[PDB]
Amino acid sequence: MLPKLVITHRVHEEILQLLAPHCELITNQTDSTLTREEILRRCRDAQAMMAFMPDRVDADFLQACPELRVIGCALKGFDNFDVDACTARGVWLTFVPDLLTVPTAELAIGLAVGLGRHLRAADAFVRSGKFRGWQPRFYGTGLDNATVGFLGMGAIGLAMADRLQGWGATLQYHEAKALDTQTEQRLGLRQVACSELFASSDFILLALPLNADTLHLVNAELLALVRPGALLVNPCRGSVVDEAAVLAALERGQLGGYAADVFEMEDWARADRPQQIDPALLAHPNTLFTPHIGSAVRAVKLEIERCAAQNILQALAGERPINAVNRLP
């Protein structure tokens, strides 16, 4: 008789124990992600859903789950969940606004450094047993005296700026909403126009959501403006960049490197989503890739899961979930 909650991926033992009194659990305690079908099947008369990165919820989905009251997302960017369609069908949609920030900021910064210093080739060369003593090659680019620019200055943007405080860089940024003047002053951050951002940054760090307006914002037009050698890092969504324009920009040698933790192929809500990452991109030596491990820190997963849990519980208790993304009664 208790509400039914479908949890699409493994969560911690302790999280289940927190949910179990209040709802019956349709869980997936394995490593794999299940087909769309199998998940739709489970959700038919499900009253709650814990959704993770590979899930996409559209109107067709919601349509076949008439009893849903809350979809609790263990994530920040809800771009593959049609918020409106949720609101239309009376479904609460919740996110995790803070817990993913830091491990992701930490990673973005490591990518910057990894890319600026040719960490892949350097590591491969040492491993191939060919390294036999100090040599004047592998010249790299560090952050000291570099100008670093951010596209976006929300949670992840500020966590990055914070961590770059002691590093001797000129920090500058472009965003939709300006930062208050106190914060700018504190973090040594200068508000520039988007094209100046691309024209004058030695490192470009991406920190914005994927939505209608950001889709492919970082395109050939913007990449054309960059200092030869400029370094681009994408910790957020594959589709805010045009991967092909990024590839063309590396090939001509204008853009010095592209590191990324996210890919256009992950962005389900897009009708023309690439099925894979272009092999020519994987093959380009001036790159660095991680398979969406932005928040793949063990202690954090437990918290993220819990945040999503608590939200779900509140919804099912008839309260406004503390982290709803959308608005209802």
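Numbering starts at 1 and follows the sequence shown.
*Read off the CA B-factors in the entry, average them over 131-139 and over 227-235, and name the higher stretch.*
Going by the record's values, the stretch with the higher mean is 131-139.
*Going by the average Cα B-factor in the PDB entry, point out whether 30-38 or 285-293 comes out higher.*
Going by the record's values, the stretch with the higher mean is 30-38.
*Largest Cα B-factor, entry values, listed residues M50, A260, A280, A269*: Out of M50, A260, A280, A269, the record gives the largest C-alpha B-factor to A269.
*Peak C-alpha temperature factor (PDB record), options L189, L107, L205, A176*: Top of the list by C-alpha B-factor: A176.
_Test of reading the entry: by CA B factor among the chain's modelled residues, which third contains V83?_
Answer is highest: the recorded C-alpha B-factor places it there.
*Just say lowest, middle or highest third for the CA B-factor of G90 relative to the other modelled residues in its chain.*
Highest third, going by the recorded CA B-factors of the chain.
*Can you tell me which third, lowest, middle or highest, the CA B-factor of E184 falls into for its chain?*
Middle third - that is where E184 ends up once the chain's C-alpha B-factors are sorted.
*Compared with the other modelled residues in the chain, in which third is the CA B-factor of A212?*
Answer is highest: the recorded C-alpha B-factor places it there.
_Where the record places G168 (Cα B-factor, split into thirds across the chain)_ = It belongs to the lowest third of the chain when residues are ordered by C-alpha B-factor.
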